[PDB]
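[1] Experimental structure and sequence below, a few questions after.
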Amino acid sequence: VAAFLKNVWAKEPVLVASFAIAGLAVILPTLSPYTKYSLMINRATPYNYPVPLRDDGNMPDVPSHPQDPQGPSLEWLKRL
Amino acid sequence: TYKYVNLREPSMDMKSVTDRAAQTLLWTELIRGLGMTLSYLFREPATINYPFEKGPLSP
Ligand SMILES: CCCCCCCCCCCCCCCCCC(=O)OC[C@H](COP(=O)(O)OCCN)OC(=O)CCCCCCCCCCCCCCCCC
């Protein structure tokens, strides 16, 4: 069938450059592990205002002073 | 006698047909001349500057 794929590329080498890019953009988002970083960054941007919850007993974490040890690590990006 | 023009056949082998598919789709021709043979403007113009200068004749 490869003789076909070289005998449409002697006549219409145009749309073939579209298909060649048509796929290869569909396939790859399920591959490279850089993705799913993309979903973590985009969730953490505080559009809104954080509202402090009520602490009686627990209070699992997150003390009054924010810079004290509180919660997750978002600074894996700052070094990135 | 004779001659025959525009009588030729494409070669039809994958060493060639890239060379004709590196042409349609990458524009490797059509920039050959008018990317170039046009410029090629760097030659001195040819003008007889008229009210003063004038051109040749014969007796
Ligand atoms: C994995 C990543 C992806 C990998 C992809 C690999 C590369 C794919 C990308 C290629 C796509 C490039 C652009 C698309 C192709 C060019 C457009 C095209 O297909 O032209 C086809 C045209 C059809 O001609 P034809 O089929 O031969 O029919 C006539 C027969 N008498 O045949 C022609 O030649 C038409 C030529 C153009 C027509 C107008 C030209 C007029 C002059 C303008 C040229 C100036 C443009 C230069 C660009 C300037 C940029 C600053």
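    Yes, it's here. Numbers count the residues shown, from 1 in each chain, chains lettered A, B, ... in the order given.
[2] Figure out the helix or strand that residue 52 lives in.
    Unless you meant another one, I'm taking chain A. For residue A:52, there is no host helix or strand (DSSP states H and E).
[3] my bad, chain B
    Applying DSSP H and E, one finds residue B:52 in no helix or strand.
[4] For chain B, what lies in contact range of chain A?
    Counting by C-beta under 8 Å from any C-beta of the partner chain, chain B comes close to chain A at B:10, B:14, B:17, B:18, B:20, B:21, B:24, B:25. Just so you know, the C-beta spots here come from the backbone N, C-alpha and C atoms, and that holds for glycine as well.
[5] now those residues as JSON lines including secondary structure, neighbour count and distance to residue A:32?
    Below are the residues of chain B next to chain A laid out as JSON lines (DSSP: H, G, I helix; E, B strand; the rest coil; neighbours: other C-beta atoms under 10 Å in any protein chain shown; distance: C-beta to C-beta, whole Å):
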{"residue": "B:10", "secondary structure": "coil", "neighbour count": "9", "distance to residue A:32": "41"}
{"residue": "B:14", "secondary structure": "coil", "neighbour count": "15", "distance to residue A:32": "32"}
{"residue": "B:17", "secondary structure": "helix", "neighbour count": "18", "distance to residue A:32": "33"}
{"residue": "B:18", "secondary structure": "helix", "neighbour count": "14", "distance to residue A:32": "30"}
{"residue": "B:20", "secondary structure": "helix", "neighbour count": "17", "distance to residue A:32": "35"}
{"residue": "B:21", "secondary structure": "helix", "neighbour count": "19", "distance to residue A:32": "30"}
{"residue": "B:24", "secondary structure": "coil", "neighbour count": "16", "distance to residue A:32": "32"}
{"residue": "B:25", "secondary structure": "coil", "neighbour count": "15", "distance to residue A:32": "27"}
